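Asker: Sending over upload.cif (mmCIF, C-alpha atoms (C1' of nucleotides)).
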```cif
data_my_file
loop_
_atom_site.group_PDB
_atom_site.id
_atom_site.type_symbol
_atom_site.label_atom_id
_atom_site.label_comp_id
_atom_site.auth_asym_id
_atom_site.auth_seq_id
_atom_site.Cartn_x
_atom_site.Cartn_y
_atom_site.Cartn_z
ATOM 1 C CA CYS R 91 -34.162 14.597 -19.733
ATOM 2 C CA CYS R 92 -30.928 16.559 -19.211
ATOM 3 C CA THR R 93 -31.857 19.630 -17.188
ATOM 4 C CA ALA R 94 -30.698 21.275 -13.964
ATOM 5 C CA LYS R 95 -31.030 20.870 -10.194
ATOM 6 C CA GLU R 96 -29.503 22.913 -7.376
ATOM 7 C CA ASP R 97 -28.965 21.786 -3.788
ATOM 8 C CA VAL R 98 -25.895 23.111 -2.111
ATOM 9 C CA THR R 99 -26.963 21.263 0.953
ATOM 10 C CA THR R 100 -24.349 19.046 2.275
ATOM 11 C CA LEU R 101 -22.088 20.441 -0.198
ATOM 12 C CA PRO R 102 -18.535 21.775 0.531
ATOM 13 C CA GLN R 103 -18.325 25.516 -0.090
ATOM 14 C CA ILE R 104 -14.914 27.119 -0.554
ATOM 15 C CA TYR R 105 -13.700 30.543 -1.624
ATOM 16 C CA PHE R 106 -11.544 30.903 -4.729
ATOM 17 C CA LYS R 107 -10.047 34.150 -5.988
ATOM 18 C CA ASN R 108 -11.178 35.811 -9.204
ATOM 19 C CA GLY R 109 -7.964 37.856 -9.367
ATOM 20 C CA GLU R 110 -9.312 41.044 -7.786
ATOM 21 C CA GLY R 111 -11.971 39.513 -5.537
ATOM 22 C CA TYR R 112 -13.334 36.228 -4.258
ATOM 23 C CA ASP R 113 -15.792 33.716 -5.672
ATOM 24 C CA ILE R 114 -17.539 31.263 -3.366
ATOM 25 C CA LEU R 115 -17.349 27.926 -5.107
ATOM 26 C CA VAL R 116 -19.033 24.555 -4.567
ATOM 27 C CA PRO R 117 -17.022 21.544 -5.845
ATOM 28 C CA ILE R 118 -19.192 18.634 -6.962
ATOM 29 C CA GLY R 119 -18.043 15.333 -8.404
ATOM 30 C CA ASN R 120 -17.655 14.343 -12.034
ATOM 31 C CA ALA R 121 -19.607 11.395 -13.422
ATOM 32 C CA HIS R 122 -17.416 10.765 -16.483
ATOM 33 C CA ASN R 123 -14.290 10.891 -14.316
ATOM 34 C CA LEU R 124 -15.591 8.335 -11.794
ATOM 35 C CA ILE R 125 -16.926 5.625 -14.138
ATOM 36 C CA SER R 126 -14.215 6.192 -16.755
ATOM 37 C CA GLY R 127 -11.519 6.062 -14.075
ATOM 38 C CA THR R 128 -12.882 2.807 -12.656
ATOM 39 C CA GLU R 129 -13.058 1.182 -16.098
ATOM 40 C CA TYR R 130 -9.678 2.454 -17.300
ATOM 41 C CA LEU R 131 -7.660 1.879 -14.112
ATOM 42 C CA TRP R 132 -9.170 -1.593 -13.925
ATOM 43 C CA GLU R 133 -8.487 -2.433 -17.582
ATOM 44 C CA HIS R 134 -4.931 -1.036 -17.595
ATOM 45 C CA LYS R 135 -4.396 -2.480 -14.078
ATOM 46 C CA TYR R 136 -3.449 0.620 -12.088
ATOM 47 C CA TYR R 137 -2.984 -0.519 -8.519
ATOM 48 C CA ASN R 138 -1.648 2.517 -6.607
ATOM 49 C CA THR R 139 -5.231 3.507 -5.906
ATOM 50 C CA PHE R 140 -8.117 3.230 -3.440
ATOM 51 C CA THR R 141 -11.665 1.871 -3.514
ATOM 52 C CA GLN R 142 -14.780 3.654 -2.239
ATOM 53 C CA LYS R 143 -18.335 2.300 -2.341
ATOM 54 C CA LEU R 144 -20.688 5.275 -2.617
ATOM 55 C CA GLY R 145 -24.065 4.922 -0.947
ATOM 56 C CA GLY R 146 -23.103 2.622 1.894
ATOM 57 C CA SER R 147 -25.038 -0.619 2.285
ATOM 58 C CA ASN R 148 -27.790 0.601 -0.085
ATOM 59 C CA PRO R 149 -26.124 1.843 -3.296
ATOM 60 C CA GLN R 150 -29.512 2.290 -5.002
ATOM 61 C CA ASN R 151 -29.786 5.596 -3.165
ATOM 62 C CA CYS R 152 -27.072 7.846 -4.674
ATOM 63 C CA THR R 153 -27.110 7.251 -8.453
ATOM 64 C CA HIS R 154 -27.579 4.565 -11.092
ATOM 65 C CA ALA R 155 -23.834 4.088 -11.422
ATOM 66 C CA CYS R 156 -23.788 3.433 -7.701
ATOM 67 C CA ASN R 157 -26.553 0.849 -8.025
ATOM 68 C CA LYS R 158 -24.829 -1.019 -10.816
ATOM 69 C CA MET R 159 -21.131 -0.744 -9.913
ATOM 70 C CA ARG R 160 -21.520 -2.031 -6.364
ATOM 71 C CA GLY R 161 -17.937 -3.326 -6.341
ATOM 72 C CA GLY R 162 -16.790 0.177 -5.498
ATOM 73 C CA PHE R 163 -15.567 3.292 -7.264
ATOM 74 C CA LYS R 164 -11.799 3.646 -7.530
ATOM 75 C CA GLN R 165 -9.955 6.671 -6.176
ATOM 76 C CA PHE R 166 -6.315 7.606 -6.697
ATOM 77 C CA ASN R 167 -4.003 6.855 -3.780
ATOM 78 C CA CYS R 168 -2.508 10.321 -3.392
ATOM 79 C CA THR R 169 -0.053 9.372 -0.650
ATOM 80 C CA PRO R 170 3.276 11.248 -0.923
ATOM 81 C CA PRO R 171 6.641 9.723 0.017
ATOM 82 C CA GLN R 172 7.783 9.822 3.635
ATOM 83 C CA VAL R 173 11.318 10.737 4.708
ATOM 84 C CA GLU R 174 13.641 8.451 6.751
ATOM 85 C "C1'" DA A 1 62.007 14.986 33.936
ATOM 86 C "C1'" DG A 2 62.353 15.384 28.028
ATOM 87 C "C1'" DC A 3 65.071 12.741 24.474
ATOM 88 C "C1'" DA A 4 63.129 6.669 21.069
ATOM 89 C "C1'" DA A 5 66.209 8.023 13.460
ATOM 90 C "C1'" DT A 6 65.848 7.360 8.767
ATOM 91 C "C1'" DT A 7 64.563 4.133 3.120
ATOM 92 C "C1'" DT A 8 63.412 -0.535 1.342
ATOM 93 C "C1'" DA A 9 60.244 -3.919 0.056
ATOM 94 C "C1'" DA A 10 55.724 -7.316 1.930
ATOM 95 C "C1'" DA A 11 54.842 -13.602 -3.737
ATOM 96 C "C1'" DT A 12 53.795 -14.916 -7.989
ATOM 97 C "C1'" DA A 13 49.605 -19.759 -9.483
ATOM 98 C "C1'" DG A 14 46.072 -23.421 -9.117
ATOM 99 C "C1'" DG A 15 41.796 -25.254 -7.219
ATOM 100 C "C1'" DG A 16 37.292 -23.704 -4.876
ATOM 101 C "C1'" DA A 17 33.052 -31.015 -6.398
ATOM 102 C "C1'" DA A 18 28.212 -32.445 -7.648
ATOM 103 C "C1'" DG A 19 23.348 -35.741 -6.272
ATOM 104 C "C1'" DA A 20 19.000 -36.140 -3.525
ATOM 105 C "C1'" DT A 21 15.020 -33.915 -1.583
ATOM 106 C "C1'" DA A 22 12.188 -28.866 0.128
ATOM 107 C "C1'" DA A 23 4.741 -32.582 3.032
ATOM 108 C "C1'" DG A 24 0.227 -33.336 3.009
ATOM 109 C "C1'" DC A 25 -4.238 -31.366 6.286
ATOM 110 C "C1'" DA A 26 -7.976 -27.468 7.790
ATOM 111 C "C1'" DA A 27 -9.721 -23.312 9.190
ATOM 112 C "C1'" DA A 28 -10.060 -17.359 6.684
ATOM 113 C "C1'" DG A 29 -17.388 -15.354 10.408
ATOM 114 C "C1'" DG A 30 -21.047 -11.909 10.440
ATOM 115 C "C1'" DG A 31 -23.125 -8.422 13.211
ATOM 116 C "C1'" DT A 32 -24.289 -1.327 11.951
ATOM 117 C "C1'" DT A 33 -23.695 2.210 8.909
ATOM 118 C "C1'" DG A 34 -31.307 3.424 3.870
ATOM 119 C "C1'" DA A 35 -33.050 8.254 1.307
ATOM 120 C "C1'" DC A 36 -36.804 8.969 -0.826
ATOM 121 C "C1'" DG A 37 -41.268 8.764 -0.623
ATOM 122 C "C1'" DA A 38 -45.636 7.606 0.970
ATOM 123 C "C1'" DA A 39 -49.662 6.285 4.827
ATOM 124 C "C1'" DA A 40 -51.188 8.390 8.855
ATOM 125 C "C1'" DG A 41 -51.946 10.445 13.439
ATOM 126 C "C1'" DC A 42 -50.959 15.466 14.953
ATOM 127 C "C1'" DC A 43 -50.667 20.466 15.952
#
```
How does this structure look as structure tokens?
Answerer:
Amino acid sequence: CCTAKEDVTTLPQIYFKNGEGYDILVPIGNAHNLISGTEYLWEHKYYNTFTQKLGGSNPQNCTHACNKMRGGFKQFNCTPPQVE
DNA sequence: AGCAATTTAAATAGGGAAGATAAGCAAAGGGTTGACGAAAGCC
């Protein structure tokens, strides 16, 4: 079941240095991080955070986690302090 | 048409009252934002 698939379409593509050259790099999301972050920051009540529902109004499209956890995946609120 | 002096000390204490209450309603909308995959005309 666990194999590979490659579609850089719609996928951010950034350069990152290899030390003496560059390496064009595609950042994709982590599945363990998303579901584990939702469960843990809900069960230890972390509230300086966001909520994002992946898929839109039909969350059966993206993944199976999307389809089940339709309440919304939780993202960290990475807002810095503001002066004055 | 500028000159106006210096030190010295500024009150110790005791009191700042409790008893009551601090409304009950009813409202808080849904409308878009669906991709993959499969019939089915169409170059």
Asker: Using all atoms listed in the file and a distance of at most 10 Å, pull out the residues of chain A that contact chain R, as a PyMOL selection string.
Answerer: chain A and resi 32-36
Asker: Using all atoms listed in the file, which residue out of R:111, R:168, R:135, R:118 lies closest to residue 98 (chain R)?
Answerer: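 Closest to residue 98 (chain R), using all atoms listed in the file: R:118.
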Asker: I'd like the interatomic distance between CA of residue 167 (chain R) and CA of residue 128 (chain R), to a tenth of an Å.
Answerer: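 Computed distance, CA of residue 167 (chain R) to CA of residue 128 (chain R), equals 13.2 Å.
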Asker: Which residue, R:169, R:138, R:144, R:106, has the smallest gap to residue 157 (chain R) when you use all atoms listed in the file?
Answerer: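 With all atoms listed in the file as the atom set, the closest residue is R:144.
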Asker: How big is the axis-aligned box around all listed atoms of region 17-36 of chain A once 3 Å goes on each side, and where's its centre, in Å to one decimal, as lines of an AutoDock Vina configuration file?
Answerer:
```
center_x = -1.9
center_y = -13.6
center_z = 2.8
size_x = 75.9
size_y = 51.1
size_z = 26.9
```
Asker: Hey, can you check how far CA of residue 142 (chain R) sits from CA of residue 160 (chain R)?
Answerer: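 Taking CA of residue 142 (chain R) as the start and CA of residue 160 (chain R) as the end point, the length is 9.7 Å.
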Asker: Can you work out the spacing between CA of residue 129 (chain R) and CA of residue 158 (chain R) in Å, to one decimal?
Answerer: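 Distance between the two atoms: 13.1 Å.
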Asker: Go through R:91, R:116, R:121, R:173 and flag the residue nearest residue 104 (chain R), using only C-alpha atoms for the distances.
Answerer: R:116
Asker: Go through R:165, R:103, R:172, R:153 one by one, measure the shortest atom-to-atom distance of each to residue 124 (chain R) using all atoms listed in the file, and give the residue with the smallest value.
Answerer: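 Of R:165, R:103, R:172, R:153, the one nearest residue 124 (chain R) is R:165, counting all atoms listed in the file.
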Asker: What's the 12 Å shell around residue 127 (chain R), counting only C-alpha atoms (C1' of nucleotides), without same-chain residues fewer than 3 positions away, as a PyMOL selection string?
Answerer: chain R and resi 120-124+130-136+139-141+162-166
